[PDB]
file input.cif (mmCIF, C-alpha atoms and all ligand atoms)
data_input
loop_
_atom_site.label_atom_id
_atom_site.label_comp_id
_atom_site.auth_asym_id
_atom_site.auth_seq_id
_atom_site.Cartn_x
_atom_site.Cartn_y
_atom_site.Cartn_z
CA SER A 2 -108.54 127.63 -28.69
CA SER A 3 -111.51 125.35 -29.55
CA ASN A 4 -113.41 128.57 -30.30
CA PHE A 5 -111.64 128.37 -33.68
CA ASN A 6 -111.66 126.14 -36.76
CA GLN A 7 -108.45 124.41 -37.85
CA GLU A 8 -108.15 124.89 -41.62
CA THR A 9 -105.45 123.68 -44.01
CA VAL A 10 -103.92 126.01 -46.58
CA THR A 11 -104.49 124.63 -50.09
CA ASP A 12 -103.08 127.39 -52.33
CA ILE A 13 -100.78 130.40 -51.93
CA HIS A 14 -100.18 133.12 -54.53
CA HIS A 15 -97.87 136.05 -53.83
CA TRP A 16 -98.81 139.14 -55.84
CA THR A 17 -96.00 141.40 -54.62
CA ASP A 18 -93.47 141.55 -51.78
CA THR A 19 -96.28 143.02 -49.64
CA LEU A 20 -99.41 141.34 -51.07
CA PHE A 21 -100.28 137.65 -51.16
CA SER A 22 -103.47 135.58 -51.25
CA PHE A 23 -103.97 132.05 -49.94
CA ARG A 24 -106.87 129.60 -49.90
CA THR A 25 -107.69 127.12 -47.14
CA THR A 26 -110.25 124.46 -46.35
CA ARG A 27 -113.69 125.52 -45.14
CA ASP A 28 -115.25 123.81 -42.15
CA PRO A 29 -118.66 122.26 -42.99
CA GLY A 30 -120.21 124.30 -40.18
CA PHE A 31 -118.55 127.60 -41.10
CA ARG A 32 -121.20 129.93 -42.55
CA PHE A 33 -120.94 133.60 -43.46
CA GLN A 34 -122.57 136.32 -45.53
CA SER A 35 -120.71 138.08 -48.33
CA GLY A 36 -118.82 141.07 -46.94
CA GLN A 37 -118.14 139.74 -43.43
CA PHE A 38 -114.81 139.19 -41.71
CA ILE A 39 -113.53 136.79 -39.04
CA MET A 40 -110.57 136.39 -36.68
CA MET A 41 -107.86 134.61 -38.70
CA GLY A 42 -104.35 133.77 -37.55
CA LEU A 43 -102.05 131.11 -36.11
CA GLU A 44 -101.64 128.94 -33.02
CA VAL A 45 -98.59 130.38 -31.25
CA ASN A 46 -97.33 128.76 -28.02
CA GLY A 47 -100.76 127.25 -27.38
CA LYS A 48 -102.41 130.68 -27.66
CA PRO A 49 -104.24 132.23 -30.63
CA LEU A 50 -102.53 135.04 -32.54
CA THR A 51 -105.29 136.36 -34.79
CA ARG A 52 -106.14 139.50 -36.75
CA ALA A 53 -109.34 140.63 -38.43
CA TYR A 54 -109.57 139.29 -41.99
CA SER A 55 -112.33 139.72 -44.56
CA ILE A 56 -113.45 136.46 -46.15
CA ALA A 57 -112.44 136.83 -49.80
CA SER A 58 -113.95 133.51 -50.91
CA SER A 59 -117.52 133.09 -52.10
CA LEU A 60 -120.03 131.65 -49.67
CA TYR A 61 -120.60 129.04 -52.41
CA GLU A 62 -116.96 127.92 -52.29
CA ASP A 63 -115.94 124.66 -50.60
CA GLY A 64 -113.00 126.60 -49.20
CA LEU A 65 -111.89 129.92 -47.73
CA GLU A 66 -109.70 132.64 -49.19
CA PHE A 67 -107.83 135.59 -47.69
CA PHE A 68 -106.32 138.62 -49.42
CA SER A 69 -103.50 139.42 -47.01
CA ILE A 70 -100.93 142.17 -46.54
CA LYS A 71 -97.28 141.40 -45.75
CA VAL A 72 -95.78 143.57 -43.00
CA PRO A 73 -92.11 142.87 -42.17
CA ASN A 74 -92.32 143.60 -38.43
CA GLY A 75 -96.00 142.69 -38.05
CA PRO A 76 -96.73 140.09 -35.37
CA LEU A 77 -99.01 137.99 -37.60
CA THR A 78 -98.19 138.64 -41.27
CA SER A 79 -94.44 138.26 -40.70
CA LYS A 80 -95.05 134.62 -39.79
CA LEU A 81 -98.12 134.35 -42.03
CA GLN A 82 -96.27 135.46 -45.17
CA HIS A 83 -94.11 132.31 -45.03
CA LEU A 84 -97.16 130.02 -45.23
CA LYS A 85 -96.83 126.78 -47.18
CA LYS A 86 -99.30 124.27 -48.56
CA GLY A 87 -100.67 122.03 -45.83
CA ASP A 88 -99.91 124.53 -43.06
CA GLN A 89 -102.50 124.96 -40.31
CA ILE A 90 -104.32 128.24 -39.65
CA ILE A 91 -107.15 129.02 -37.23
CA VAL A 92 -110.37 130.85 -38.15
CA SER A 93 -112.90 132.12 -35.63
CA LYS A 94 -116.36 130.63 -36.07
CA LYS A 95 -118.31 133.90 -35.54
CA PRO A 96 -118.45 136.16 -38.61
CA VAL A 97 -119.18 139.85 -38.21
CA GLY A 98 -119.25 142.91 -40.45
CA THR A 99 -121.07 145.97 -41.80
CA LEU A 100 -120.61 145.14 -45.51
CA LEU A 101 -124.01 143.45 -45.78
CA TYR A 102 -126.78 144.08 -48.29
CA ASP A 103 -129.36 144.25 -45.49
CA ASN A 104 -127.54 147.26 -44.03
CA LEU A 105 -128.33 149.04 -47.32
CA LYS A 106 -131.65 150.14 -48.74
CA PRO A 107 -132.83 148.54 -52.00
CA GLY A 108 -131.05 150.32 -54.84
CA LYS A 109 -130.26 150.13 -58.53
CA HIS A 110 -126.45 150.29 -58.29
CA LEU A 111 -124.01 148.88 -55.73
CA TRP A 112 -120.71 150.77 -55.67
CA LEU A 113 -117.97 148.63 -54.11
CA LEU A 114 -115.21 151.18 -53.44
CA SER A 115 -111.99 149.63 -52.15
CA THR A 116 -108.25 150.19 -51.85
CA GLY A 117 -105.45 147.71 -51.24
CA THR A 118 -106.59 144.66 -49.30
CA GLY A 119 -110.07 146.21 -49.01
CA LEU A 120 -110.87 144.20 -52.15
CA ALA A 121 -111.10 141.05 -49.97
CA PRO A 122 -114.73 141.35 -48.75
CA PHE A 123 -115.92 142.35 -52.23
CA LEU A 124 -114.29 139.30 -53.83
CA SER A 125 -116.93 137.41 -51.82
CA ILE A 126 -119.72 139.84 -52.74
CA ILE A 127 -119.11 139.91 -56.50
CA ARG A 128 -118.98 136.11 -56.20
CA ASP A 129 -122.41 136.07 -54.52
CA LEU A 130 -125.55 135.41 -56.56
CA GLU A 131 -127.62 137.63 -54.26
CA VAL A 132 -125.79 140.87 -55.12
CA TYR A 133 -126.84 140.48 -58.77
CA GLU A 134 -130.45 139.73 -57.82
CA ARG A 135 -130.68 142.85 -55.63
CA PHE A 136 -128.59 145.25 -57.75
CA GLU A 137 -128.80 145.79 -61.50
CA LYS A 138 -125.19 147.01 -61.59
CA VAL A 139 -122.29 146.11 -59.29
CA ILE A 140 -119.37 148.52 -59.72
CA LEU A 141 -116.14 147.15 -58.23
CA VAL A 142 -113.56 149.93 -57.81
CA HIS A 143 -110.04 149.01 -56.69
CA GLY A 144 -107.41 151.66 -55.94
CA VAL A 145 -103.72 150.81 -55.67
CA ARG A 146 -100.35 152.54 -55.89
CA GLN A 147 -98.64 150.20 -58.38
CA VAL A 148 -99.90 148.03 -61.22
CA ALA A 149 -98.51 144.90 -59.55
CA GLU A 150 -100.81 145.56 -56.58
CA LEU A 151 -103.87 144.89 -58.77
CA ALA A 152 -104.48 141.41 -57.39
CA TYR A 153 -107.14 139.18 -58.96
CA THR A 154 -107.26 141.57 -61.93
CA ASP A 155 -107.05 138.73 -64.47
CA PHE A 156 -109.51 136.60 -62.48
CA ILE A 157 -112.22 139.27 -62.34
CA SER A 158 -111.66 140.29 -65.97
CA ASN A 159 -111.16 136.94 -67.72
CA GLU A 160 -112.13 134.05 -65.43
CA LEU A 161 -115.06 135.36 -63.37
CA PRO A 162 -117.19 136.08 -66.49
CA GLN A 163 -116.57 132.45 -67.49
CA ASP A 164 -117.89 131.13 -64.17
CA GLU A 165 -120.28 128.31 -65.09
CA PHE A 166 -122.59 129.68 -62.35
CA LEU A 167 -122.22 133.47 -62.00
CA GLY A 168 -120.82 134.12 -65.48
CA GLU A 169 -123.80 135.58 -67.32
CA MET A 170 -124.57 137.83 -64.34
CA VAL A 171 -120.95 138.97 -63.92
CA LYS A 172 -120.89 139.63 -67.67
CA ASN A 173 -124.06 141.73 -67.55
CA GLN A 174 -124.13 143.27 -64.06
CA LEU A 175 -120.51 143.61 -62.87
CA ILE A 176 -118.36 146.65 -63.68
CA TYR A 177 -114.67 146.45 -62.74
CA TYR A 178 -112.82 149.76 -62.39
CA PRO A 179 -109.15 149.54 -61.33
CA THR A 180 -107.07 152.66 -60.76
CA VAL A 181 -103.36 153.21 -60.07
CA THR A 182 -101.75 156.33 -58.62
CA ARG A 183 -97.95 156.10 -58.87
CA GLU A 184 -97.40 154.09 -62.07
CA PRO A 185 -98.46 154.58 -65.71
CA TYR A 186 -101.85 152.89 -66.00
CA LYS A 187 -104.99 153.35 -68.09
CA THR A 188 -106.68 154.89 -65.02
CA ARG A 189 -104.66 157.30 -62.88
CA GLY A 190 -105.29 159.07 -59.60
CA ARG A 191 -107.02 158.40 -56.30
CA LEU A 192 -110.58 157.10 -56.40
CA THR A 193 -111.61 160.22 -54.49
CA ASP A 194 -110.00 162.48 -57.10
CA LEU A 195 -111.96 160.60 -59.77
CA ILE A 196 -115.19 161.33 -57.89
CA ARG A 197 -114.60 165.09 -57.62
CA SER A 198 -113.67 165.47 -61.30
CA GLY A 199 -116.54 163.14 -62.26
CA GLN A 200 -114.20 160.97 -64.33
CA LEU A 201 -115.46 157.92 -62.42
CA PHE A 202 -118.99 158.33 -63.80
CA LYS A 203 -117.79 159.20 -67.31
CA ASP A 204 -115.66 156.04 -67.41
CA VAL A 205 -118.21 153.55 -66.02
CA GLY A 206 -121.08 154.99 -68.06
CA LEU A 207 -123.39 155.58 -65.10
CA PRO A 208 -124.91 158.87 -63.89
CA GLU A 209 -123.68 160.63 -60.78
CA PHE A 210 -124.62 159.45 -57.29
CA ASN A 211 -128.27 160.01 -56.42
CA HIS A 212 -130.17 159.04 -53.28
CA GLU A 213 -132.57 156.72 -55.14
CA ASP A 214 -130.40 154.48 -57.34
CA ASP A 215 -126.89 154.19 -55.91
CA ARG A 216 -125.77 152.25 -52.85
CA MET A 217 -122.13 152.04 -51.79
CA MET A 218 -119.83 149.76 -49.83
CA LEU A 219 -116.53 151.29 -48.71
CA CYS A 220 -113.55 149.22 -47.57
CA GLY A 221 -110.11 150.79 -47.91
CA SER A 222 -107.46 152.92 -46.25
CA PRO A 223 -108.43 155.31 -43.43
CA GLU A 224 -107.53 158.31 -45.61
CA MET A 225 -109.74 157.07 -48.46
CA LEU A 226 -112.60 156.19 -46.10
CA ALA A 227 -112.60 159.55 -44.29
CA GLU A 228 -112.29 161.38 -47.62
CA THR A 229 -115.05 159.44 -49.41
CA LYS A 230 -117.30 159.54 -46.33
CA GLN A 231 -117.18 163.35 -46.35
CA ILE A 232 -117.87 163.32 -50.09
CA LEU A 233 -120.87 161.02 -49.67
CA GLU A 234 -122.35 162.67 -46.57
CA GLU A 235 -122.24 166.20 -48.01
CA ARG A 236 -124.43 165.13 -50.96
CA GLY A 237 -127.09 163.75 -48.59
CA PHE A 238 -126.17 160.07 -48.40
CA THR A 239 -126.59 158.50 -44.96
CA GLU A 240 -124.67 155.62 -43.43
CA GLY A 241 -126.65 152.43 -42.96
CA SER A 242 -126.51 149.98 -40.08
CA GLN A 243 -128.16 146.79 -38.86
CA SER A 244 -130.88 148.76 -37.08
CA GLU A 245 -131.33 151.38 -39.81
CA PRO A 246 -130.61 150.66 -43.49
CA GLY A 247 -129.04 153.49 -45.46
CA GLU A 248 -127.17 154.30 -48.67
CA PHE A 249 -123.56 153.39 -47.82
CA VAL A 250 -121.82 151.16 -45.28
CA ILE A 251 -118.15 151.38 -44.36
CA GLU A 252 -115.53 148.92 -43.11
CA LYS A 253 -111.85 149.52 -42.42
CA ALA A 254 -109.43 147.54 -44.55
CA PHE A 255 -106.99 148.04 -41.65
CA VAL A 256 -106.19 150.40 -38.78
CA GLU A 257 -103.04 152.47 -38.28
CA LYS A 258 -101.27 151.09 -35.21
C1 LIG B 301 -112.64 144.78 -40.27
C2 LIG B 301 -111.22 144.53 -40.70
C3 LIG B 301 -110.98 143.79 -41.85
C4 LIG B 301 -109.67 143.54 -42.28
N1 LIG B 301 -109.48 142.80 -43.44
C5 LIG B 301 -108.26 142.57 -43.82
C6 LIG B 301 -108.05 141.80 -45.03
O1 LIG B 301 -108.94 141.32 -45.75
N2 LIG B 301 -106.72 141.61 -45.36
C7 LIG B 301 -105.64 142.09 -44.65
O2 LIG B 301 -104.50 141.84 -45.07
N3 LIG B 301 -105.84 142.82 -43.51
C8 LIG B 301 -107.09 143.04 -43.13
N4 LIG B 301 -107.29 143.77 -41.99
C9 LIG B 301 -106.13 144.27 -41.25
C10 LIG B 301 -105.56 143.25 -40.26
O3 LIG B 301 -105.54 143.79 -38.94
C11 LIG B 301 -104.15 142.87 -40.69
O4 LIG B 301 -104.10 141.49 -41.01
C12 LIG B 301 -103.08 143.16 -39.63
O5 LIG B 301 -103.25 144.49 -39.13
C13 LIG B 301 -101.68 142.97 -40.17
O6 LIG B 301 -101.08 141.83 -39.51
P1 LIG B 301 -99.93 142.01 -38.46
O7 LIG B 301 -100.39 141.67 -37.09
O8 LIG B 301 -98.70 141.24 -38.95
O9 LIG B 301 -99.60 143.56 -38.55
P2 LIG B 301 -100.06 144.66 -37.50
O10 LIG B 301 -99.12 144.68 -36.35
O11 LIG B 301 -101.52 144.38 -37.13
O12 LIG B 301 -99.92 145.99 -38.34
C14 LIG B 301 -98.81 146.19 -39.24
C15 LIG B 301 -98.86 147.56 -39.87
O13 LIG B 301 -99.40 147.46 -41.21
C16 LIG B 301 -100.64 148.13 -41.30
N5 LIG B 301 -101.58 147.26 -41.98
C17 LIG B 301 -102.29 146.22 -41.43
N6 LIG B 301 -103.07 145.59 -42.27
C18 LIG B 301 -102.87 146.26 -43.46
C19 LIG B 301 -103.41 146.09 -44.75
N7 LIG B 301 -104.30 145.14 -45.06
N8 LIG B 301 -103.00 146.93 -45.73
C20 LIG B 301 -102.11 147.88 -45.42
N9 LIG B 301 -101.53 148.14 -44.25
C21 LIG B 301 -101.96 147.29 -43.31
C22 LIG B 301 -101.05 148.50 -39.87
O14 LIG B 301 -101.75 149.74 -39.86
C23 LIG B 301 -99.71 148.60 -39.16
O15 LIG B 301 -99.13 149.90 -39.28
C24 LIG B 301 -108.60 144.04 -41.53
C25 LIG B 301 -108.84 144.78 -40.38
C26 LIG B 301 -110.14 145.02 -39.95
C27 LIG B 301 -110.37 145.83 -38.70
#

call {"tool": "encode", "arguments": {"input": "input.cif", "output": "structure tokens", "more": "lines below"}}
Ligand SMILES: Cc1cc2nc3c(=O)[nH]c(=O)nc-3n(C[C@H](O)[C@H](O)[C@H](O)COP(=O)(O)OP(=O)(O)OC[C@H]3O[C@@H](n4cnc5c(N)ncnc54)[C@H](O)[C@@H]3O)c2cc1C
result
Amino acid sequence: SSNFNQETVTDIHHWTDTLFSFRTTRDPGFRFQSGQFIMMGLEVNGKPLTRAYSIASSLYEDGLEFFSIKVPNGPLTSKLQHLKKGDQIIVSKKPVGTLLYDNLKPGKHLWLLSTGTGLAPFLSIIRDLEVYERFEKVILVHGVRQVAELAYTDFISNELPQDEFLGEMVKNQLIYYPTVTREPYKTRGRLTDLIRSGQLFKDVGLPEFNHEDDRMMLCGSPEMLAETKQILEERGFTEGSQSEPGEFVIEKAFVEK
């Protein structure tokens, strides 16, 4: 240890039996950009047990936040799911990630396409003032299997527009598009299937993807990433990086182990 920050959990909210979010303290020296992740975990037998976790809290927040999965036989989240208020967690002090604005070229629209816990890094981005200065429209797409998996759906819809600080920009510039596959919901199907049929653009009121206006940030399941990456690359969109800005950047919400 000592390469980590000791933070204290301040709030825990369990969305389902597999999804829960918890907030912690934020070290005064901990600094990050919206869309980055860190090594988050526990101190086990004097050794760090950490996994990659996107920072779901705003960089303006005096605190951290993590949108976490709950795996029964998972080394970290089986102990991490039983977190309580006041418990100690360790966060690495070196953020890293590809979900940065500077990895994208200046555009008119930012399409945040996410599934499951891939909403975590975009909860920080939509709660960043800079994304609304750089992009006229921020489209936050969240794909889940059940309605109960739509975490933060009342916060983004009802409480984020009332933010004393980002409210008028979230009201004007943020578009929130949740979709559910396996339960009756007002939006059905995979987010890829909504791109092929064009229902995504009919619902959000924006034209189809073009190389001049639309930038994308992808953070979801490997099967959504590989399917949306083929969709984006075959229309001409290129992947951006630190050395070469592009139209879309991609981060894994998890890996299949
Ligand atoms: C860049 C990056 C960012 C990440 N951001 C997040 C984040 O914001 N929130 C988060 O919960 N995880 C995130 N992860 C995944 C992270 O590794 C998980 O915390 C971890 O895999 C699960 O903890 P574990 O050790 O108990 O389970 P593991 O032993 O690591 O894996 C348990 C099983 O569940 C699967 N799994 C792991 N994470 C998820 C997930 N989020 N959703 C669905 N299935 C999953 C794995 O593929 C595996 O089969 C991220 C991973 C990367 C690489």

call {"tool": "residues_around", "arguments": {"input": "input.cif", "residues": "region 245-255 of chain A", "least_positions_apart": "4", "cutoff": "7 Å", "atoms": "only C-alpha atoms", "output": "JSON, numbers by chain"}}
result
{"A": [99, 100, 103, 104, 105, 106, 118, 119, 216, 217, 218, 219, 220, 221, 222, 223, 238, 239, 240, 241]}

call {"tool": "atom_distance", "arguments": {"input": "input.cif", "atom1": "CA of residue 15 (chain A)", "atom2": "CA of residue 82 (chain A)"}}
result
8.8 Å

call {"tool": "residues_around", "arguments": {"input": "input.cif", "residues": "region 46-54 of chain A", "least_positions_apart": "5", "cutoff": "12 Å", "atoms": "all atoms listed in the file", "output": "PyMOL selection string"}}
result
chain A and resi 2-7+22+36-41+65-70+75-81+90-93+95-98+118-122+252-256

call {"tool": "write_last_selection", "arguments": {"input": "input.cif", "atoms": "C-alpha atoms", "output": "mmCIF file, in the frame of the given file"}}
result
data_model
loop_
_atom_site.group_PDB
_atom_site.id
_atom_site.type_symbol
_atom_site.label_atom_id
_atom_site.label_comp_id
_atom_site.auth_asym_id
_atom_site.auth_seq_id
_atom_site.Cartn_x
_atom_site.Cartn_y
_atom_site.Cartn_z
ATOM 1 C CA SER A 2 -108.540 127.630 -28.690
ATOM 2 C CA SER A 3 -111.510 125.350 -29.550
ATOM 3 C CA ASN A 4 -113.410 128.570 -30.300
ATOM 4 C CA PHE A 5 -111.640 128.370 -33.680
ATOM 5 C CA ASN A 6 -111.660 126.140 -36.760
ATOM 6 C CA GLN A 7 -108.450 124.410 -37.850
ATOM 7 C CA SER A 22 -103.470 135.580 -51.250
ATOM 8 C CA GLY A 36 -118.820 141.070 -46.940
ATOM 9 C CA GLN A 37 -118.140 139.740 -43.430
ATOM 10 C CA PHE A 38 -114.810 139.190 -41.710
ATOM 11 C CA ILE A 39 -113.530 136.790 -39.040
ATOM 12 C CA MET A 40 -110.570 136.390 -36.680
ATOM 13 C CA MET A 41 -107.860 134.610 -38.700
ATOM 14 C CA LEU A 65 -111.890 129.920 -47.730
ATOM 15 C CA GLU A 66 -109.700 132.640 -49.190
ATOM 16 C CA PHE A 67 -107.830 135.590 -47.690
ATOM 17 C CA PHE A 68 -106.320 138.620 -49.420
ATOM 18 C CA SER A 69 -103.500 139.420 -47.010
ATOM 19 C CA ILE A 70 -100.930 142.170 -46.540
ATOM 20 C CA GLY A 75 -96.000 142.690 -38.050
ATOM 21 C CA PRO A 76 -96.730 140.090 -35.370
ATOM 22 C CA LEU A 77 -99.010 137.990 -37.600
ATOM 23 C CA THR A 78 -98.190 138.640 -41.270
ATOM 24 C CA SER A 79 -94.440 138.260 -40.700
ATOM 25 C CA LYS A 80 -95.050 134.620 -39.790
ATOM 26 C CA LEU A 81 -98.120 134.350 -42.030
ATOM 27 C CA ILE A 90 -104.320 128.240 -39.650
ATOM 28 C CA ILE A 91 -107.150 129.020 -37.230
ATOM 29 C CA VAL A 92 -110.370 130.850 -38.150
ATOM 30 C CA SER A 93 -112.900 132.120 -35.630
ATOM 31 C CA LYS A 95 -118.310 133.900 -35.540
ATOM 32 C CA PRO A 96 -118.450 136.160 -38.610
ATOM 33 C CA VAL A 97 -119.180 139.850 -38.210
ATOM 34 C CA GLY A 98 -119.250 142.910 -40.450
ATOM 35 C CA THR A 118 -106.590 144.660 -49.300
ATOM 36 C CA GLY A 119 -110.070 146.210 -49.010
ATOM 37 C CA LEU A 120 -110.870 144.200 -52.150
ATOM 38 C CA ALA A 121 -111.100 141.050 -49.970
ATOM 39 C CA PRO A 122 -114.730 141.350 -48.750
ATOM 40 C CA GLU A 252 -115.530 148.920 -43.110
ATOM 41 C CA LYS A 253 -111.850 149.520 -42.420
ATOM 42 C CA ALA A 254 -109.430 147.540 -44.550
ATOM 43 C CA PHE A 255 -106.990 148.040 -41.650
ATOM 44 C CA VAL A 256 -106.190 150.400 -38.780
#

call {"tool": "closest_residue", "arguments": {"input": "input.cif", "among": "A:8, A:28, A:129, A:209", "to": "residue 58 (chain A)", "atoms": "all atoms listed in the file"}}
result
A:129

call {"tool": "closest_residue", "arguments": {"input": "input.cif", "among": "A:116, A:180, A:9, A:26", "to": "ligand LIG 301 (chain B)", "atoms": "all atoms listed in the file"}}
result
A:116

call {"tool": "closest_residue", "arguments": {"input": "input.cif", "among": "A:140, A:148, A:181, A:225", "to": "residue 205 (chain A)", "atoms": "all atoms listed in the file"}}
result
A:140

call {"tool": "atom_distance", "arguments": {"input": "input.cif", "atom1": "atom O14 of ligand LIG 301 (chain B)", "atom2": "CA of residue 146 (chain A)"}}
result
16.3 Å

call {"tool": "closest_residue", "arguments": {"input": "input.cif", "among": "A:257, A:63, A:236, A:101", "to": "ligand LIG 301 (chain B)", "atoms": "only C-alpha atoms and all ligand atoms"}}
result
A:257

call {"tool": "closest_residue", "arguments": {"input": "input.cif", "among": "A:189, A:138, A:85, A:172", "to": "residue 12 (chain A)", "atoms": "all atoms listed in the file"}}
result
A:85

call {"tool": "residues_around", "arguments": {"input": "input.cif", "residues": "residue 127 (chain A)", "least_positions_apart": "5", "cutoff": "10 Å", "atoms": "all atoms listed in the file", "output": "list in words"}}
result
residues 35, 36, 57, 58, 59, 113, 122, 132, 133, 139, 140, 141, 157, 161, 167, 170, 171, 174, 175 and 176 of chain A

call {"tool": "closest_residue", "arguments": {"input": "input.cif", "among": "A:144, A:199, A:179, A:87", "to": "residue 158 (chain A)", "atoms": "only C-alpha atoms"}}
result
A:179

call {"tool": "atom_distance", "arguments": {"input": "input.cif", "atom1": "CA of residue 44 (chain A)", "atom2": "atom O7 of ligand LIG 301 (chain B)"}}
result
13.4 Å

call {"tool": "axis_aligned_box", "arguments": {"input": "input.cif", "around": "region 189-206 of chain A", "padding_each_side": "8 Å", "output": "lines of an AutoDock Vina configuration file"}}
result
center_x = -112.9
center_y = 159.5
center_z = -61.3
size_x = 32.4
size_y = 27.9
size_z = 29.6

call {"tool": "decode", "arguments": {"input": "input.cif", "residues": "region 177-190 of chain A", "atoms": "N, CA, C and O atoms", "output": "tab-separated table (two decimals), in the first residue's frame"}}
result
chain	number	residue	atom	x	y	z
A	177	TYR	N	-31.30	12.00	-22.24
A	177	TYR	CA	-31.18	10.74	-21.52
A	177	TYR	C	-32.08	9.71	-22.19
A	177	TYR	O	-33.30	9.91	-22.28
A	178	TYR	N	-31.48	8.61	-22.65
A	178	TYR	CA	-32.18	7.60	-23.46
A	178	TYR	C	-31.95	6.22	-22.87
A	178	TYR	O	-30.99	5.52	-23.24
A	179	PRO	N	-32.80	5.79	-21.94
A	179	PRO	CA	-32.68	4.43	-21.39
A	179	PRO	C	-33.47	3.41	-22.20
A	179	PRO	O	-34.55	3.69	-22.73
A	180	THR	N	-32.91	2.21	-22.30
A	180	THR	CA	-33.54	1.12	-23.03
A	180	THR	C	-33.41	-0.18	-22.25
A	180	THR	O	-32.41	-0.41	-21.56
A	181	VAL	N	-34.44	-1.01	-22.35
A	181	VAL	CA	-34.52	-2.28	-21.64
A	181	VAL	C	-34.86	-3.37	-22.65
A	181	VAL	O	-35.68	-3.16	-23.55
A	182	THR	N	-34.24	-4.54	-22.50
A	182	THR	CA	-34.39	-5.62	-23.47
A	182	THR	C	-35.43	-6.67	-23.06
A	182	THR	O	-36.27	-7.05	-23.88
A	183	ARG	N	-35.39	-7.14	-21.81
A	183	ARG	CA	-36.13	-8.32	-21.41
A	183	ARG	C	-37.30	-8.02	-20.48
A	183	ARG	O	-37.81	-8.94	-19.83
A	184	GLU	N	-37.73	-6.77	-20.39
A	184	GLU	CA	-38.90	-6.42	-19.60
A	184	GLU	C	-39.68	-5.32	-20.31
A	184	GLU	O	-39.09	-4.50	-21.02
A	185	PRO	N	-41.00	-5.30	-20.15
A	185	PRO	CA	-41.81	-4.24	-20.78
A	185	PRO	C	-41.38	-2.86	-20.32
A	185	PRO	O	-41.49	-2.51	-19.14
A	186	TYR	N	-40.88	-2.07	-21.26
A	186	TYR	CA	-40.42	-0.71	-21.00
A	186	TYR	C	-40.79	0.16	-22.19
A	186	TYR	O	-41.13	-0.34	-23.27
A	187	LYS	N	-40.72	1.48	-22.00
A	187	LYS	CA	-41.09	2.39	-23.07
A	187	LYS	C	-40.08	2.37	-24.22
A	187	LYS	O	-40.40	2.85	-25.31
A	188	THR	N	-38.89	1.82	-24.00
A	188	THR	CA	-37.89	1.63	-25.05
A	188	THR	C	-37.36	0.21	-24.95
A	188	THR	O	-36.76	-0.16	-23.93
A	189	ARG	N	-37.57	-0.57	-26.00
A	189	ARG	CA	-37.20	-1.98	-26.01
A	189	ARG	C	-36.08	-2.24	-27.01
A	189	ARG	O	-35.92	-1.52	-28.00
A	190	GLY	N	-35.29	-3.28	-26.73
A	190	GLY	CA	-34.28	-3.75	-27.65
A	190	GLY	C	-32.88	-3.30	-27.27
A	190	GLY	O	-32.68	-2.40	-26.45
